[PDB]
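*Asks:* With the input below, show me the fold.
(chains A, B, C and D)
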Protein chains: 4
Amino acid sequence: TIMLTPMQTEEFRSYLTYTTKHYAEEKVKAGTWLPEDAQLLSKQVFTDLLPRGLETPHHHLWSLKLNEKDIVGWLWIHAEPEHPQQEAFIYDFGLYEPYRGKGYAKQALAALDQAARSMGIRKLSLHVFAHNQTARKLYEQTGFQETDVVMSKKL
Amino acid sequence: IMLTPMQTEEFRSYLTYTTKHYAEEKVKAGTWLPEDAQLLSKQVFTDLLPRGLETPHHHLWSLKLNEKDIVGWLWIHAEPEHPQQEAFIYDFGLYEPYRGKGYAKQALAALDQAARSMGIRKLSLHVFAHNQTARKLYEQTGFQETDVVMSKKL
Amino acid sequence: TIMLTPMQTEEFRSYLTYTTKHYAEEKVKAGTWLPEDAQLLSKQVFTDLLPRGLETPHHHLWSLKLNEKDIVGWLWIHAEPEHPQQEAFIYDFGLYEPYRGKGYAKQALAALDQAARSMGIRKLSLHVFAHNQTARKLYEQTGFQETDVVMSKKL
Amino acid sequence: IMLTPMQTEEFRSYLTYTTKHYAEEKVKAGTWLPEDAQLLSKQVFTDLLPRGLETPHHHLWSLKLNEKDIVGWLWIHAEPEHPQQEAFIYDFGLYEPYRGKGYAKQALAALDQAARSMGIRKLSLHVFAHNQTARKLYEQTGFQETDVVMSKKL
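*Replies:* Numbers count the residues shown, from 1 in each chain, chains lettered A, B, ... in the order given. There you are, the coordinates:
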């Protein structure tokens, strides 16, 4: 039973730091960004997405909580209610390392499902790096279907 | 817009939005303290709907906009022996994505048709004073004020 | 939120009556039993399945309850813990007429899922008359897959 | 039999069985009144596991019989600074379909291996007096009685 609770400042400034570095690394892993460019790019991307931080309009950043004491992870979605399909995009989702491997991830996505419906959103979307097969299987197991695929080849 | 018997899962979603919304509304209105709001809201809805969708004389509909699209809710209570055949609108609204598109007036017209068909001769409702847009709407659709509650902080 | 509560005597003797008649009718609808034979057959079948009624060993008869006041339906499963696949068979499942068309059926099957796992059963099975397409779709929507199909033709 | 870190969903199932089972056991034992049992059981488990699977120093495993088959549970509490490096077995059992197949003794042997690996030097447990088979098993696996509780109705 995961609850979605508005992310608080401390957790957010800590999250922001992890994300930027993690995103940079994933883009390097994927071949999309060169190591020497990754930092500045990642910082630019997160700065354009959340220029007002938690106050950035239409972004919902939540702490995933098991109870008052355990924050097991994070969830960040973007929903503009003027979207023709009432779609929300998951910009990020994950579990802090000590809470992984117990199945909270599926429970958190069910809580997302519920919250999303109560907000009137009709469709959830996300991007998932290709090399993250574990994330891919969980999304498959939870009703997500692949829509687009970007492929690459070094000559 | 069509009124459809509310479904158990549509009810779960409705309850998740409203409960929180009703609390904030009660806070804005000065009626409830913030530390208390969430728990009071929960207690109100359980008191009003002890048997959920089965609570006798309560009629909960989902507002459907097409055969596949759900946009809002409408819940009215009607004592079948009420001397004025009056129904009270407990909750009525639309999820954010569908506001400002005319659905509210269409939903009210649907309620009018549904009420006449059910033997209902009068409709009543509560609205928070701070909801100017809802008030204007109800005014435009024939509702008249009957009671006001006023308050002041000393 | 449906709860499974042990069916009580009054509800059971009322249920038993409905079931026998309903089963007879379904067998006639399906072409399996002739109208003139249906009653006695149905009675024989239920008498062999539940000779001790609620006390019949390995049968679990439950009232589906929304709250203290509403009994929305029934559920009857058979589970012998010595089964090699730890399988339980749903002998009957349905909703009283005033509680239909609100989606309780899926919620009741989720409650079945939970209860079954806590009992250690690993597989659920059921028979569904072919002409009951509405029941068929719900079972499909809830993870059930067709395993066997009996077909017939009058010459 | 293998011990696997209990999964949140395996925990939901475990809690559904145990809670009810513990109550009946407390009733049989004369400790709890039937009207009270269910609610006391629920309160016990929340008191013991306030943070669920995250409650510090508690180790909950699922008992797996093959790479794909779950048959039982094992939950022990071990204070990392306990002077005797003692662990207390709070709950241990098998779902009905897998009893009487030797899994219990294999599970106890697995716990022994797991405990030595974790620095645990002593195991303790509670068992209801009326559970002759569990008592016999524990006796056969090296456990000795240390305390008894007796009662009488006047």
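
*Asks:* interface residues of chain A facing chain B?
*Replies:* Residues of chain A lying close to chain B by CB under 8 Å from any CB of the partner chain are A:81-83, A:86, A:114-115, A:117-122. For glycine as for every other residue, the C-beta is placed from the backbone atoms N, C-alpha and C.

*Asks:* Pick the one among those closest to residue A:4.
*Replies:* residue A:115 (5.2 Å; CB to CB).

*Asks:* wait, is the closest one part of a helix?
*Replies:* Yes - counting by DSSP: H, G, I helix; E, B strand; the rest coil, residue A:115 is part of a helix.

*Asks:* separation between it and residue D:12?
*Replies:* Separation of residue A:115 from residue D:12 (CB to CB, to the nearest Å): 20 Å.

*Asks:* Tell me which of these two has more neighbours.
*Replies:* Just comparing residue A:115 and residue D:12: by other CB atoms under 10 Å in any protein chain shown the higher neighbour count belongs to residue A:115, 20 against 16.

*Asks:* which residues touch that one?
*Replies:* Residue A:115 makes contact with A:4, B:16, according to CB atoms under 8 Å, 6 or more residues apart in numbering or on different chains.

*Asks:* can you pull out the helices in chain A?
*Replies:* Using DSSP state H, the helices of chain A run over residues A:9-30, A:35-49, A:104-118, A:133-141.

*Asks:* Now do the second one: which elements does it pack against?
*Replies:* Under the contact criterion of 3 or more CB pairs under 8 Å, 6 or more residues apart in numbering or on different chains; DSSP states H and E, the helices and strands touching helix A:35-49 comprise helix A:9-30.

*Asks:* So which elements touch the helix it packs on?
*Replies:* Using 3+ CB pairs under 8 Å, 6+ apart, helix A:9-30 sits against helix A:35-49, strand A:59-65, strand A:71-79.

*Asks:* quick revisit: for the residues of chain A next to chain B, which two are the farthest from each other?
*Replies:* Within these, two members stand farthest from each other by CB to CB: A:82 and A:114, at 22.8 Å.

*Asks:* So which of the residues of chain A next to chain B is the closest to chain B?
*Replies:* For those, the residue nearest chain B by CB to the nearest CB is residue A:120; the value is 2.6 Å.

*Asks:* which residue packs closest to that closest one, ignoring adjacent ones?
*Replies:* Take residue A:120 and drop its neighbours on the chain: the residue closest to it by CB to CB, 6 or more residues apart in numbering or on different chains is residue B:95, 2.6 Å away.

*Asks:* In chain A, what residue lies closest to chain C?
*Replies:* residue A:110 (11.4 Å).

*Asks:* Pick out the residue closest to the middle of chain A.
*Replies:* The geometric centre of chain A, computed from its C-alpha atoms, lies nearest to residue A:92 (CA atoms, centre = their mean), at 0.9 Å.

*Asks:* Pull the contacting residues for that residue.
*Replies:* Contacts of residue A:92 (CB under 8 Å, 6+ apart): A:19, A:74-76.

*Asks:* how does it look with 7 Å?
*Replies:* Neighbouring residues of residue A:92 by CB atoms under 7 Å, 6 or more residues apart in numbering or on different chains: A:19, A:74, A:76.

*Asks:* ok, the last one touching residue A:61?
*Replies:* This means residue A:76. Yes - contact status for residue A:76 versus residue A:61: in contact at 4.8 Å, counting by CB atoms under 7 Å.

*Asks:* returning to what we had before: could you pull up phi and psi at the residue nearest to residue A:120?
*Replies:* Taking degrees, to the nearest 10, you get phi -70, psi 150 for the backbone angles of residue B:95.

*Asks:* before we move on, what about the one 5 residues further on?
*Replies:* Backbone torsions of residue B:100, given as degrees, to the nearest 10, read phi 60, psi 40.

*Asks:* now the end-to-end length of stretch A:91-101.
*Replies:* Distance between the two ends of stretch A:91-101: 22 Å, counting by CA to CA, to the nearest Å.

*Asks:* now do stretch A:120-132
*Replies:* Per CA to CA, the first residue of stretch A:120-132 is 30 Å away from its last.

*Asks:* Tell me which residues are up against that stretch.
*Replies:* A:26, A:29-30, A:79, A:85-90, A:116, A:135-136, A:139, B:95-98.

*Asks:* try it again with 8 Å
*Replies:* Taking CB under 8 Å, 6+ apart as the rule, stretch A:120-132 contacts A:26, A:29-30, A:77, A:79, A:81, A:85-90, A:93, A:112-113, A:116, A:135-136, A:139, A:144, A:147, A:149-150, B:17, B:69, B:71, B:94-98.

*Asks:* How far off centre is it?
*Replies:* Taking CA atoms, centre = their mean, to the nearest Å, one finds the center of stretch A:120-132 at 8 Å from the center of the full chain.

*Asks:* do stretch A:45-54 as well
*Replies:* 14 Å.

*Asks:* what about it, how long is it end to end?
*Replies:* Stretch A:45-54 has an end-to-end distance of 16 Å (criterion: CA to CA).
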